[PDB]
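Enquirer: First the structure, then my questions, so here it is.
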Amino acid sequence: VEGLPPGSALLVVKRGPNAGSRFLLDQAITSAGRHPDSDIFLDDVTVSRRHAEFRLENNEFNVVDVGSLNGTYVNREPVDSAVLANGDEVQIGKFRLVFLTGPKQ
């Protein structure tokens with residue numbers, strides 16, 4: 001995705017309550033959950049208060065499950081963590097997201 005701040009990435013909701021919504025990943029830790037102060041607020045009972053984190057580490061974005069009830073899935077597989085690649089699908093509750101790489105630093 002050319003039109004993003006250098007070093008950032010984007011998560012797009014492909015399916016779910018807010019299909020079309022998208023969220024910038026441009027910080028060391030981006031929280032995703034039903035907690036009201038989540039950086040990515042996914043307000044559905046299928047989503048844990050603190051469900052996952054998108055972490056920027058060694059110039060790579062990783063998704064980390066932080067003890068969700070239903071799990072965090074990357075390409076349909078539940079993971080404790082995964083280094084994300086362009087086009088990877090991430091499922092958090094009933095939200096189906098795709099991870100898109102942005103421009104380099």
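Labels used: A, B, ... for chains in the order of the structure tokens, numbers from 1 for residues in each chain, and numbers from 1 for ligands as shown.
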If we count only C-alpha atoms and set the cut-off at 8 Å, which residues sit around residue 85 (chain A), ignoring sequence neighbours fewer than 2 positions away in its own chain? Please answer as a VMD selection string.
Expert: chain A and resid 83 87 to 88 99 to 101
Enquirer: Could you tell me, as an MDAnalysis selection string, which residues of chain A DSSP assigns to strand (DSSP E or B) when given the backbone?
Expert: chainID A and resid 9:15 22:25 29:33 40:41 52:57 60:65 72:74 77:78 81:83 89:92 95:101
Enquirer: Can you tell me how far CA of residue 69 (chain A) sits from CA of residue 50 (chain A), in Å to one decimal?
Expert: 9.6 Å
Enquirer: Skipping near chain neighbours, those fewer than 3 positions away, what residues fall within 10 Å of residue 18 (chain A) using only C-alpha atoms, listed as a list in words?
Expert: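 My list of contacting residues is residues 12, 13, 14, 15, 21, 22, 42, 43 and 95 of chain A.
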Enquirer: Using only C-alpha atoms, which of A:92, A:45, A:84, A:24 sits nearest residue 10 (chain A)?
Expert: A:24
Enquirer: What's the 7 Å shell around residue 72 (chain A), counting only C-alpha atoms, without same-chain residues fewer than 4 positions away, as a list in words?
Expert: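 With the cut-off at 7 Å, the set is residues 52, 65, 78, 79, 91 and 92 of chain A.
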Enquirer: If we count only C-alpha atoms, what is near residue 4 (chain A) at a cut-off of 9 Å, once residues fewer than 3 positions away on the same chain are taken out, given as a VMD selection string?
Expert: chain A and resid 1 7 to 10 24 102 to 103
Enquirer: Can you tell me which residues surround residue 31 (chain A) at a distance of at most 6 Å, considering only C-alpha atoms, apart from same-chain residues fewer than 5 positions away, and format the answer as number ranges by chain?
Expert: A: 38-39, 53
Enquirer: Can I get the selection written as a PDB file, in the first residue's frame, with N, CA, C and O atoms?
Expert:
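Saved the output as result-v3.pdb:
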```pdb
ATOM      1  N   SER A  38      -8.977  -0.178  23.712  1.00  0.00           N
ATOM      2  CA  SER A  38      -8.187  -0.920  22.693  1.00  0.00           C
ATOM      3  C   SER A  38      -7.813   0.041  21.565  1.00  0.00           C
ATOM      4  O   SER A  38      -8.650   0.894  21.214  1.00  0.00           O
ATOM      5  N   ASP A  39      -6.611  -0.116  21.013  1.00  0.00           N
ATOM      6  CA  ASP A  39      -6.195   0.714  19.857  1.00  0.00           C
ATOM      7  C   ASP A  39      -7.093   0.358  18.674  1.00  0.00           C
ATOM      8  O   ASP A  39      -7.452   1.273  17.907  1.00  0.00           O
ATOM      9  N   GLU A  53      -2.403  -8.559  20.077  1.00  0.00           N
ATOM     10  CA  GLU A  53      -1.557  -7.363  19.918  1.00  0.00           C
ATOM     11  C   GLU A  53      -0.832  -7.493  18.588  1.00  0.00           C
ATOM     12  O   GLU A  53      -0.399  -8.610  18.240  1.00  0.00           O
TER      13      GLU A  53
END
```
Enquirer: Which residue out of A:47, A:23, A:64, A:16 has the minimum interatomic distance to residue 35 (chain A) when only C-alpha atoms are used?
Expert: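 That would be A:47, the residue with the smallest distance to residue 35 (chain A).
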Enquirer: Which one is closest to residue 105 (chain A): A:2, A:33, A:49, A:59? Count only C-alpha atoms.
Expert: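 The closest residue to residue 105 (chain A) is A:59.
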Enquirer: If you count only C-alpha atoms, which residues fall within 9 Å of residue 27 (chain A), apart from same-chain ones fewer than 2 positions away, as number ranges by chain?
Expert: A: 8, 24-25, 29-30, 54-56
Enquirer: Just to be explicit: take each residue in the selection above, keep N, CA, C and O atoms, and write the result as a short mmCIF file (atom, residue, chain, number, x, y, z; two decimals), in the first residue's frame.
Expert:
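Output below, filename result-v5.cif:
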```cif
data_model
loop_
_atom_site.label_atom_id
_atom_site.label_comp_id
_atom_site.auth_asym_id
_atom_site.auth_seq_id
_atom_site.Cartn_x
_atom_site.Cartn_y
_atom_site.Cartn_z
N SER A 8 4.80 1.78 8.13
CA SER A 8 3.50 1.34 8.70
C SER A 8 2.93 0.16 7.91
O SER A 8 3.49 -0.23 6.88
N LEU A 24 -4.60 1.56 11.07
CA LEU A 24 -3.16 1.75 10.83
C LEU A 24 -2.35 1.08 11.95
O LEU A 24 -2.72 1.24 13.13
N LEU A 25 -1.31 0.36 11.55
CA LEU A 25 -0.31 -0.20 12.48
C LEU A 25 0.94 0.67 12.31
O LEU A 25 1.61 0.52 11.28
N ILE A 29 3.33 -1.23 19.80
CA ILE A 29 2.24 -2.15 20.25
C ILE A 29 0.90 -1.57 19.85
O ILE A 29 0.61 -0.42 20.25
N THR A 30 0.11 -2.34 19.11
CA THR A 30 -1.29 -1.96 18.80
C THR A 30 -2.19 -3.03 19.40
O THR A 30 -2.13 -4.16 18.90
N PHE A 54 -0.72 -6.38 17.88
CA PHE A 54 0.10 -6.32 16.66
C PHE A 54 1.37 -5.59 17.10
O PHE A 54 1.26 -4.43 17.52
N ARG A 55 2.52 -6.27 17.02
CA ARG A 55 3.77 -5.69 17.55
C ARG A 55 4.76 -5.45 16.41
O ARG A 55 4.89 -6.35 15.55
N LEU A 56 5.38 -4.28 16.40
CA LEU A 56 6.43 -3.98 15.39
C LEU A 56 7.76 -4.37 16.03
O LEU A 56 8.11 -3.75 17.05
#
```
Enquirer: Would you work out the distance separating CA of residue 44 (chain A) from CA of residue 98 (chain A), expressed in Å to one decimal?
Expert: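 Between these atoms lies a distance of 18.3 Å.
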Enquirer: Find, counting only C-alpha atoms, the residue in A:46, A:61, A:68, A:73 that gets nearest to residue 11 (chain A).
Expert: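 Among the listed residues, the smallest separation from residue 11 (chain A) belongs to A:61.
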